[PDB]
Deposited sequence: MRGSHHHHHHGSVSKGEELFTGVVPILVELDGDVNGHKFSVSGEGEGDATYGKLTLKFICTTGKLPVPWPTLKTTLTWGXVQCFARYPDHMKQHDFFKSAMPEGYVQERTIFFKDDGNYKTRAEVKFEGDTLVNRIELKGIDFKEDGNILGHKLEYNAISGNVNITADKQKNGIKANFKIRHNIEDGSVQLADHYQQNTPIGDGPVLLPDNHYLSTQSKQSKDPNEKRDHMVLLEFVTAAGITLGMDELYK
């Protein structure tokens, strides 16, 4: 039943409240997802002024229900199966030689809109590290989300690495651990091991003077032949 809600273009809303080393900020995002093509287009705005961390570090936090699951893998799509009641998505993101983000999000339909509502808490950051020092490039992010069933929670777990380019040519590693739990009581699809091949490009709206990020993202399930 969940999978039927994604056969067309779906409007997306993202709302994030954050506190990173006591820097409090909010982010509002809008756009649309077409799961048939694994395609997401979004624009995010910092509504509190200047974002106190680099946009790239927030990208993974700011809707894996928009993944293109190949037909032969459709029985492994936990994300859409939880809809419309939705799922809780939790992460710890460990920035190597720096702080961590912990995130708790509720992803669900509000009428015909897919909504991602997030709380983000960041601690242990260095004031002149790559995050609070704003030393990261703004360009593109890709990786493979490794998913396994979590039957004890009627949900999934995932892990993956992101390598953020630093302006010196080096990389800032962000190790991600993830847990998803259904909000509702409907049955969900507990998957075999597989991965999401995910890539996005970050850009700027030439007309936009607010602190913002434009994103074009493609997400495809794989790793079952």
query: Where the deposited sequence has no C-alpha coordinates (positions from 1, in order); finding: 1 to 14, 77 to 80, 244 to 251
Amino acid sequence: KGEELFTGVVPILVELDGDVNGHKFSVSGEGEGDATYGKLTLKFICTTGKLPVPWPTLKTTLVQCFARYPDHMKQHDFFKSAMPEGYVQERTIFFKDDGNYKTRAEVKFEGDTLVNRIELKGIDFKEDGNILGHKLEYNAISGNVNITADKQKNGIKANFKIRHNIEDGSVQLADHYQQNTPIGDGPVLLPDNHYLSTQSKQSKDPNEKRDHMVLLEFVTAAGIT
From here on, numbers count along this sequence of modelled residues.
| property | result |
| --- | --- |
| Which of 128 to 136 and 97 to 105 has higher mean CA B factor, as the PDB entry lists it | 128 to 136 |
| Residue stretch of maximal mean CA temperature factor, 35 to 43 vs 185 to 193 | 185 to 193 |
| Chain-relative CA temperature factor third for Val10 | highest |
| Cα B factor band for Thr48 (lowest, middle or highest third within the chain) | highest |
| Chain third (lowest, middle, highest) by recorded CA B-factor, residue given as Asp175 | lowest |
| Ranked against its chain, the third holding the CA B-factor of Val88 | middle |
| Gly18 CA temperature factor, ranked by third within the chain | lowest |
